[PDB]
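Both ligands and their constituent atoms are indexed starting at 1 by order of listing. When a residue number appears, it is its place in the shown sequence, counting from 1. Excluded from the calculations below are hydrogen atoms, water molecules and symmetry mates; all remaining heavy atoms, backbone and side chain alike, are included.
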Amino acid sequence: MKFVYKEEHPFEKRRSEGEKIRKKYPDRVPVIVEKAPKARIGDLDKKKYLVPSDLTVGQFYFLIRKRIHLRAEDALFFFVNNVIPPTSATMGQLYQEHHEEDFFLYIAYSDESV
Ligand code: NA
Ligand code: NI
Ligand code: NI
């Protein structure tokens, strides 16, 4: 896919900020969250988050649901490198396995599993 954050900032600028955040806040993981193309769901107002490494994927689902005003019955899937993570996984775990070279964890979200 394509993330606007990558499109707007050259790798060197992203890596510089990501690496800096990781040094100043080693207990937190930086994450870029963007909506999947052509997803008929609410768009996010905040694309970058600094979340505690012990925060679970389920808790992050709620954070995002609460921000875009989505109810439980509404479908919302997180995609990280084309993989829908288990809610029991921690953001620290995901980050460790899926973070990119610029030190950021990129998550795409949608209302369908395609
Ligand atoms: Na869900
Ligand atoms: Ni910028
Ligand atoms: Ni609102």
Between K20 and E17, does at least one N-O distance fall below 4.0 Å, as a salt bridge requires?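 No salt bridge links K20 with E17.
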Given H9, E19, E8, the one that forms side chain to side chain contact (heavy atoms under 4.5 Å, CB included) with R14: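 So the option named by the test is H9.
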So for atom CZ, which belongs to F11, do other residues, nucleotides or ligands contribute more than 12 heavy atoms lying within a distance under 6.0 Å?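 Atom CZ in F11 is packed in, count exceeds 12.
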Keeping waters out of it, list the protein N, O or S atoms under 2.8 Å from the Ni ion (ligand 3).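 Protein N, O or S atoms closer than 2.8 Å to the Ni ion (ligand 3): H69 NE2.
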Honestly curious: do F78 and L105 fall in one hydrophobic cluster under the side-chain, below-4.5 Å linking rule?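 Same cluster.
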Using atom types as modelled and distance alone, determine if a side-chain donor or acceptor of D43 lies under 3.5 Å from a backbone N or O of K35.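 Judged by distance alone, no pair lies under 3.5 Å.
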Is the NZ or CZ atom of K48 positioned over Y5's six-membered ring, under 6.0 angstrom from the centre and within 45° of the axis?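 Cation-pi check for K48 and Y5: fails.
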